[PDB]
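Protein chains in written order, with UniProt numbering: chain A, 2 to 152, 159 to 183, 188 to 227; chain B, 2 to 151, 161 to 185, 188 to 227; chain C, 401 to 748, 766 to 954, 958 to 1074; chain D, 4 to 337, 347 to 431, 440; chain E, 305 to 321; chain F, 1075 to 1123; chain G, 376 to 624; chain H, 8 to 46, 54 to 69; chain I, 1222 to 1237.
Where is the CB? At the ideal position from N, CA and C, for every residue including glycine.
Below is one structure, written out as structure tokens; the observations come after it.
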Amino acid sequence: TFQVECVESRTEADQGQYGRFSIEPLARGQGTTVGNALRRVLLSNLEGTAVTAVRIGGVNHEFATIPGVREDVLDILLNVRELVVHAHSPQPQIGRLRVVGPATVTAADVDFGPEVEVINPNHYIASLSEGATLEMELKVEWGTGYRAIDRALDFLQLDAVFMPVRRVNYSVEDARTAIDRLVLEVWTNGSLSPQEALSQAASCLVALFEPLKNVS
Amino acid sequence: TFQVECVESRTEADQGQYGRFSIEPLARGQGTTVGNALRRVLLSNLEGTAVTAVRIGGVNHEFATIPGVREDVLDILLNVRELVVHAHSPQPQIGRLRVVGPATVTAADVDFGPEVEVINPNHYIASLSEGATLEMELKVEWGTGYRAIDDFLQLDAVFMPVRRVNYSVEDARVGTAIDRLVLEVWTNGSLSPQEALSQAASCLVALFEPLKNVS
Amino acid sequence: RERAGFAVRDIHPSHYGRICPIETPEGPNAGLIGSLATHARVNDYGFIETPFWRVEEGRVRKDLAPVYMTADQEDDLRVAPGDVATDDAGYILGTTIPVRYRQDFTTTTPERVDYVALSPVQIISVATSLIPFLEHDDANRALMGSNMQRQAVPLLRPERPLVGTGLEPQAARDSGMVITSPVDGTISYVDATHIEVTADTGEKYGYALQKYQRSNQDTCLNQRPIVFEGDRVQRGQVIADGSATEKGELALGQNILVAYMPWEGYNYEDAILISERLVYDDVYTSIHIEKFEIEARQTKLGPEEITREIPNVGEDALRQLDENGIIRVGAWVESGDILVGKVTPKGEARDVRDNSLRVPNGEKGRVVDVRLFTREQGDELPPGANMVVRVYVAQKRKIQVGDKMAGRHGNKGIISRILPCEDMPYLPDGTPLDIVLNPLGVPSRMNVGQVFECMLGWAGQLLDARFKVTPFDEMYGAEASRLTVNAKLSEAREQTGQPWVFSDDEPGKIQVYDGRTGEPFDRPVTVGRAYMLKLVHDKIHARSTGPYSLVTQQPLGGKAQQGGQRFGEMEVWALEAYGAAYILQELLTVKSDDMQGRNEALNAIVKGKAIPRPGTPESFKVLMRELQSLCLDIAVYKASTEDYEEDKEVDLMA
Amino acid sequence: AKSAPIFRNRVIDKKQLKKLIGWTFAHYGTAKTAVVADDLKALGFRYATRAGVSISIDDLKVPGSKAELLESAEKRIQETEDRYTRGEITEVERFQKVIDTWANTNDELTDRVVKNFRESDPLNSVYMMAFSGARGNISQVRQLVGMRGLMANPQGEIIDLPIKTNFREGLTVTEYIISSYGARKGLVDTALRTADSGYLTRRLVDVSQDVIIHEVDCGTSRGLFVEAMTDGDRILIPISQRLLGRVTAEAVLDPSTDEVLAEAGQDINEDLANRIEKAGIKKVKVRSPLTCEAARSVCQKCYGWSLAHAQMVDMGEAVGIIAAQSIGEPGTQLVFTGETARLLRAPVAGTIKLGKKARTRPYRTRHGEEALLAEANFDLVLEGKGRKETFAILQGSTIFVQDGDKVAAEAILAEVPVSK
Amino acid sequence: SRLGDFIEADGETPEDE
Amino acid sequence: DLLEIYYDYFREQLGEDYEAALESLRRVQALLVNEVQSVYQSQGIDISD
Amino acid sequence: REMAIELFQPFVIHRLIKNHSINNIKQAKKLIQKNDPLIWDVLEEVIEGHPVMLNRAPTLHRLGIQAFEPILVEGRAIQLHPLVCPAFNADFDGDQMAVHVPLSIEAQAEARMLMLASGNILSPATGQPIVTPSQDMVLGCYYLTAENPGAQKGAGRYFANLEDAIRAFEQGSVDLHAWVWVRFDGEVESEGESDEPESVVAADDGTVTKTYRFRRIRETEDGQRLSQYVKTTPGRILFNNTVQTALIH
Amino acid sequence: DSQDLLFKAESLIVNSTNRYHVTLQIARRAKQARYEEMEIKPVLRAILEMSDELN
Amino acid sequence: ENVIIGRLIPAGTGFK
Ligand SMILES: [Mg+2]
Ligand SMILES: [Zn+2]
């Protein structure tokens, strides 16, 4: 009955995406139910892609340093862990990076396959001085939410964060019988568009409430 | 991928049904999502029938008395606002009561049409003494949710088939963080708690379906 | 401690500006250990002095140099506090001025004031000078906050406060962990372990940075560079920073979104409810390095050898040893994992015995350093030892249930729940909160300053600004803190464009929704940005059966040796008042020192039978032996049953 | 069971909850009391979260008359000090006057704070959480939105400079030092008090460790007389609270007729204690461990109830340990003439008709003023405009107004004391 | 705190019997 | 000395030692109990007697 | 779990030996050391019904040691019920507690029958209740049962019974602090009432409807009560209904 | 359930007139129970049995 | 003294 339309869509400097949707007409308080279910699913039950592991040539633990590299291993790990990627194949992938000499190593220097794509090729990773080589191999996997390390040789595990959606807001307005108009704003990290996170959240909710439709 | 199982079902004397359902395994946070959405839809967005207006022969206001009738107009109105009916047609119906003499006026004395079923056939309405005649006309409509008001006396009808909804979220951890939903539903008897649950799930699926294929 | 009494542990009117009246310990050391004030100094005789500006005809002479003065000197003068307000140039404003004359507080005309204190923070110490809005706090909570600021833990990525006090850049330059350029030139080499700066016209200066070292308290003493290669640098500019500093100044905690409201019982009685963002965003995570030691000694049977030929062990537990019996740098060690493998020559080949060093229960992390010291290498080994191996193990700890969190205003708490960010209350823009604190703890503890900082911190986040408020800031107006906070919040509201940021009906409160249901709470609540710290200390302990004491045969005490909990005499009284007799008797004998009943009880529990009756505990026999050794003929007797028999002395020691 | 609950149609503070828990225990048992307490805990936790109770800076409401009150007090102080400077009063009378002035200003400000809270915003979070008895007092709201008041030196002397700011307005450097004095004093008090409390509890335990219940009855007719604990006109502990769990050593009788209320050897419950209080017996003779003649202990009849169970003590109960613990547990829980006197101000304008009836001897009060000291209890007679005066003086009172004077609205008339 | 309270005793641990 | 005063008075007013001792002890006991209870209740603490 | 697996180790060993295929004590100990999944199931089925005594470091009175039933929780901190904090004088700002476990059958019986926390209701020193709700519970109850003239949406409506009023509030038809009328037959205690009926009206029959400040009682002429309507707040209705449900069940 | 055991416990504490004596009886009963059962937990079964015997 | 020696205390469940 209702018509869901996209009102505004932007793209921030870090290639994150914003989307505002108007949904109307709902029925006097169904706006709150729909909006809160969408917000909970968008913030909690969406699968994403994140860098789960990394091996930096020349080191074997997180509390080391590389000669000529401005950042310490733990800072490089904390920068790689926040690198946003979107995979197309449902398998882990390995991306390779090798930078030499005076350079500012960024996310553009990571070369995955043809399946994985870097959303922001301006993410800072490290600063290399003259004569210094940074060689890394990253492993990306699919998942949902925050995954803690469970403690395949010499790869430094990361506490992965598969959270493709970073902020959801909604407000129910009176669209006068009294009717409700839900306004839903989604901020994602750029892995997937706001419209595709709304679609995935709705699909999850429909699959969630389907078994209760006629079994009981 | 989960399994809903009705752990318990009851039919209280007042013909009000009760049910408890276990839904598991649910991911962390989905128990609260499902429970709250189901509770809101069950308690606010299910259709039902209730006495919307009533006309009594011999009175004209809520604070009035009827000779020979133990109760006054207000007590009868409160005893009729909780009368549970279930209509089979989308058309408003009119029932007629005309008990007389010494008698205990219950729900069975109301001469509703074939399309209206009184869930509790012995629901106290009034108590008539010797030489008393209670002439009553009740109107039944189709609505959703408790609806307060601003010839026929207007009433604050209770269209809710579902009386009470509670939910709790447990932890069904075997060995991640899995959740389990325990949902308790009390219904006035017009619907079984499994029919109320089915209708609530149908409403939720119909709400979330159009948000999937386009945006 | 037993001789110090009430008089000594108090504040004396001569401590003004020389000893802080706030910073002390709590407990047996209260009033017996103090802290020097901010401006106080000790002269060559040994007396504490404090500085003052001279006042001539009501004019404060800041052109002349501070006159320092001892406690006896400033008894005949009328000295004004450092919070008195003066107008242009130096004249003191007002008609009555508080002064101190002969260790008393009076008020005088501002033409009869002799000296004025240099600063409003001249009376407190450095830790107490770092509390913003201090004059809105009680003194007990100010003490708590100042003491707890020195138990904060350096975090993985430190961050400056938004409502700092102005002494943060000075409290970090004296610890000698921040590196500043003494030279007005350019930076030519930056590295994780080295910085080099070339003078504009001059020599090169080179600095080496400490990396993941260890302090006395197992925290980390890291040092990181701030500048980049080929950067213009001025003299006195921060070049590197310590483990608790951001850019020059102290940084002990983090700025997080806070709301003051009760949760569903999780805020009860100082408990703290936080969000899961503080775990996966690596807020309030720290590095702790521990040191383990193993000693190769020389027994009468023979020496001890460090090797991988450990008895009763399989090759699945010797993976990470370096073919010399010592673990390798960079290895992940879990509980019970062998660190150094050692064998002792026992006397009874199949003769070596295993006493290799292993990680204690509940400890894990990476091995970062394995230092070896032997007499051959020219090291001062202990008298009877032949090899000292030291292993350093580092780990990253995240905030978790049971940790202590604190603020600068004395508000401490223990985390009791960590909610997923879709269960925490959220703002009218969709942002979930980071921490929910109970407001029931604010008015009964009179630490109102925490409600000011939050609000100013909120403005600081919204205006991309950082505020330096100095304590006792009300010498400029009637209510300076409230007016500044309200003006800053209004300015943030106008600059941001969002009207929900600040409301005129409820200034510090905005609407907050429920993440579980999506319904707003009945009334708006106070939200802001709060600067919270994570405190040190490893306290969880449990025991079933372990080592026992030598004389009494009672369980040892201490976490590091599988120790038991003491059942003092107050607990015995509590059990006596309950009427309990079997719990008490089981505690006193079978579970402590009934040398034969312990094994019987354990065997009965393991086999599933009933626990047999106890006997006489060993401490009683020890006491009887000691009393006999004191020339006392004390003994235990069994009374005679019949008439013509003597009572028989019972032999306990059998 | 069988006792239907009453519909409490009123606000529910801590006292009401405690009363409900006590009633539930008395009528239903200890596991329904546990269930009720858990249900109330759940309900309170839920609706303290739905309420959104919070704390702000504007939630700390200071009355708008604080400035004028402080101005009036400071004007009085200036008059007092000008009198002192001119030699009209001595130094300890200036000190007494300024101390009494600031103590009366503090009491008035506290009253105004409470009235402002109860009148403008009765659902204020601070007022709601202090008045309901959840987390707060009145000496703490006073220091948050009122006035800190007069403090003391590290030696005990009252500093004549008061603290005229709250924690909302912010103290000065001088007021911070004066507050830190008492803060330290309290800290050191707690540190040094813990050892004394423990020592007292240990001594109590050893003095009375052998007091165990061994007998059922020693068969006596002795006991003491229990009466309410009163401070003269006022009572401090009612007789019903002092008569709970005791055993009567003689049959009590209502003082209006021959109706018996208890026989000899009968334990007293809450209902019987309330009935005795209601009927005004004022004295009840009960058995006691003080007067029981048993074998090196007390008996079950002389002891009475065990207060943790609301029943007669069991056999072999260590009541000495319980007594020692009960005395020792609150061990760690252990300004001048204000409202302990009463100023009498006449809100009328009329001539003075004192004459020479009462014994008025000239007197110099604790301040610098001169008045008339009276010891003969006499009813004041004054032409109070429309009608005369019915004011009653007390022995030792001090009257300021003499004959041939003109009293104005709310002018100071007398001072009555309430009971080197 | 004294040294004598940190030294274990010679014997067979109840567990090892 | 209050005990001694009471004992001396009662050993004459009554004349028997046993009852004089009982009465003196009773009065001193009442004084001690009342004083302790008053001290405790001054701070607002309640204990049974 | 970390504390429980060490405190109840002999019992876990016994149940592994008896109810499973574990042969000797050494095998059970190595299974516990390796943190087998079966270990936690055995521990969970061992500690149920096994009282455990909790004590706070300053034990000033006998309520400083109380028996509880363990529930395995994940973490390093002991979860304490908020209603026993005043008995222990414990707050959650760094306080620690000691846990002891009785061994013999007599000890467990004594802990359950004498020292159990659900049986320590009255203070042994004064007889007054000691498990009363405090702090946030008191604030929540006070807010629920208070009167708010500002928000009275749906005031004056009549309800059949307490459940009807609660359902109306749950939907949102009536505000929390609205002054409504509910048909409640029973003993009613209303502060600020008057024993004198405000208005007495005799209808065209032997029935008088006395209207008090918070009540409306219809009484037969020289007869008994026929109905009672209480004027109250849905929050007070919720509070009293919770108390009645707890007592009846 | 736990609540059921708590109600049965309270039921046995009353009508016994001596909490200590009835705790001793429960201990003895549970001991005999486990002894003649090794051939639910003893104390629990003991309390259930004693409650069901109080009619 | 039953506490020091290690016997059942003569109070409570150890009364007789
Ligand atoms: Mg504490
Ligand atoms: Zn006796």
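Asked                                                                                                                                                                                  : Found
Looking at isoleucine 422 of chain G: is its Cβ nearer than 8 Å to the Cβ of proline 445 of chain G?                                                                                   : yes
Under the rule that 16 or more other beta-carbon atoms within 10 Å means buried, what is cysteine 516 of chain G, buried or exposed?                                                   : buried
Of the residues D/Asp417, D/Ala383, D/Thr363, which one's Cα is nearest the Cα of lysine 400 of chain D?                                                                               : D/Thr363
Is the Cβ of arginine 41 of chain B closer than 8 Å to any Cβ of chain A?                                                                                                              : yes
Taking the straight line between their C-alpha atoms, what separation do you get for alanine 492 of chain G and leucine 836 of chain C?                                                : 29 Å
Measuring from each Cβ to the nearest heavy atom of ligand 4, keep the ones under 5 Å and list them in chain order.                                                                    : Although ligand 4 was asked about, the structure shown includes only ligand 1 and ligand 2 as ligands.
Indicate, with yes or no, if ligand 2 has a heavy atom lying under 7 Å from the CB of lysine 288 of chain D.                                                                           : no
Given that a residue counts as buried once 16 or more other Cβ atoms are within 10 Å of its Cβ, and exposed if not, what is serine 305 of chain E?                                     : exposed
By DSSP's criteria, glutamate 218 of chain D is part of a beta bridge. Which residues make up the other side?                                                                          : D/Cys302
Quick one: is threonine 24 of chain H near chain I, going by C-beta distance under 8 Å?                                                                                                : no
Please compile the residues from chain G whose C-beta is within a distance smaller than 7 Å of the C-beta of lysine 38 of chain H.                                                     : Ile480
Kindly indicate the opening and closing residues of the beta strand (DSSP E) around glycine 945 of chain C.                                                                            : 942-951
Sort out for me which residues DSSP pairs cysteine 7 of chain A with in a bridge.                                                                                                      : A/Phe22
Closest by CA to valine 287 of chain D, which one among D/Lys397, D/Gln244, D/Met318, D/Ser329?                                                                                        : D/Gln244
Please say whether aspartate 236 of chain D and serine 431 of chain D have beta carbons closer to each other than 8 Å?                                                                 : yes
From what residue to what residue does the beta strand (DSSP E) around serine 1116 of chain F run?                                                                                     : Element bounds for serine 1116 of chain F: not the beta strand (DSSP E) but the alpha helix (DSSP H), 1091-1116.
Are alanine 40 of chain D and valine 506 of chain G touching if we call contact CB-CB under 8 Å?                                                                                       : yes
Could you tell me whether the Cβ atoms of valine 217 of chain A and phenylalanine 113 of chain B are closer together than 8 Å?                                                         : no
Given this structure, state the Cα-to-Cα distance separating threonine 699 of chain C from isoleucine 392 of chain G, to the nearest angstrom.                                         : 40 Å
By Cβ distance, which residues of its chain are closer than 7 Å to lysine 69 of chain D, with the 5 residues on each side in sequence left out?                                        : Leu112
Note the first and the last residue of the continuous alpha helix (DSSP H) segment covering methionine 64 of chain H.                                                                  : 56-67
Could you tell me the boundaries of the beta strand (DSSP E) in which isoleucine 453 of chain G lies?                                                                                  : Taken as a continuous stretch (DSSP letters only), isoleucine 453 of chain G belongs to no beta strand (DSSP E), as it is neither H nor E.
Taking the straight line between their C-alpha atoms, what separation do you get for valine 226 of chain A and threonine 934 of chain C?                                               : 26 Å
Please look up how many angstroms separate the CB atoms of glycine 988 of chain C and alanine 1232 of chain I, rounded, as I've assumed it's under 8 Å.                                : Incorrect: roughly 19 Å between the Cβ atoms, too far for contact.
Which first and last residues belong to the beta strand (DSSP E) in which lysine 813 of chain C is found?                                                                              : 802-814
DSSP on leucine 1076 of chain F, reduced to helix/strand/coil?                                                                                                                         : helix
Could you name the residues of chain G that residue 187 of chain B contacts, counting a contact when the two beta carbons are closer than 8 Å?                                         : Here chain B is numbered 185 followed immediately by 188, so the structure offers no position for residue 187 of chain B.
Spatial neighbours of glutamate 387 of chain D within its chain, please: CB distance less than 7 Å, with the 5 preceding and 5 following residues excluded, ordered by chain position. : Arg371, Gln407, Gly408
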